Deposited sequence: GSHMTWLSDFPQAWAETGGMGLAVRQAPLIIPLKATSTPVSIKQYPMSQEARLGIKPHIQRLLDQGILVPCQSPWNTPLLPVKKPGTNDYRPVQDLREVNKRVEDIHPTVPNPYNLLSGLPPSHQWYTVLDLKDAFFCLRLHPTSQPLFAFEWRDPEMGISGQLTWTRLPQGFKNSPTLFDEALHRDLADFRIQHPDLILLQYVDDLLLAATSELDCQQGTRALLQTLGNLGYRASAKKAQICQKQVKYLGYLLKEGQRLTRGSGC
């Protein structure tokens, strides 16, 4: 099966990802920015107990670490959501290079009607943050019944950060550049963590999907085995139904 042949490529069997070829990202600030420290709004016990196992898993994975930072933004009430709006305002803008899906799909021709669709799991967390940029994303974490109050921050590209989709898309494009060169017959559409491979034949789509999974796993990315649509003639991609070259 596909699950057995590519254990490294699937999130189910490959462990948390880590894009080993990508340098840790430095996040430039705007020219006039200084740190902003926003007080953590008090959180109910119900919310805290709901968030806690998530925080602990991230700590165990090294995705969160303790820190002392002049930056602080609040966590909101369950899985944790950080309000990074005041950090986002202080970070230098980058050009938005992620194509809109309508335009991305224009590049899909009718000669290629066999499709594989993969979505990468925990995509942003596969990209490391440079230690100089980690303090930007700090938040407070209290455990009233263990006696630890202090800050944590992210060692990977965080959710809620305005440049994460663009930085991830650019990184994955660098990492898949050689795959494209080695498989010029195939069409590969990338939309952040949502990937479509298109081929002429069921076989060429199988061999290409095998190459792509091998490549993704080797690079440190992980795809959802549960959601994968492998070597079909009909797939859902980016909210479209792809059938008969339509849509």
{"query": "Regions of the deposited sequence not represented in the model", "finding": "1 to 4, 82 to 89, 260 to 266"}
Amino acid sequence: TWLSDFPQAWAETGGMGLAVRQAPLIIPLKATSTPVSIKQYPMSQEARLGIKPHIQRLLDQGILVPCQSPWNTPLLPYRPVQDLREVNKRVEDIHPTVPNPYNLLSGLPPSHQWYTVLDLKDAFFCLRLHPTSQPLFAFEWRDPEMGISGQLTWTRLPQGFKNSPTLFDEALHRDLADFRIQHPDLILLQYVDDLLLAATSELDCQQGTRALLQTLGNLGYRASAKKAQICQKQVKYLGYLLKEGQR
From here on, numbers count along this sequence of modelled residues.
| item | value |
| --- | --- |
| Gap at residue 145 across at least one third of the other PDB entries | yes |
| Between 18 to 26 and 5 to 13 (mean CA B-factor, as deposited), the higher | 5 to 13 |
| Residue range whose averaged C-alpha B-factor is higher in the record, 110 to 118 or 126 to 134 | 110 to 118 |
| Highest-ranked of 80, 101, 158, 144 once sorted by CA temperature factor in the record | 144 |
| Maximum C-alpha temperature factor, selected from 167, 148, 94, 152 | 148 |
| Third of chain Cα B-factors occupied by residue 36 | lowest |
| Relative C-alpha B-factor of residue 51, binned into the chain's lowest, middle or highest third | middle |
| Ranked C-alpha temperature factor of residue 192 among modelled chain residues, by third | lowest |
| B-factor third for the C-alpha atom of residue 43 within its chain | middle |
| B-factor third for the C-alpha atom of residue 59 within its chain | middle |
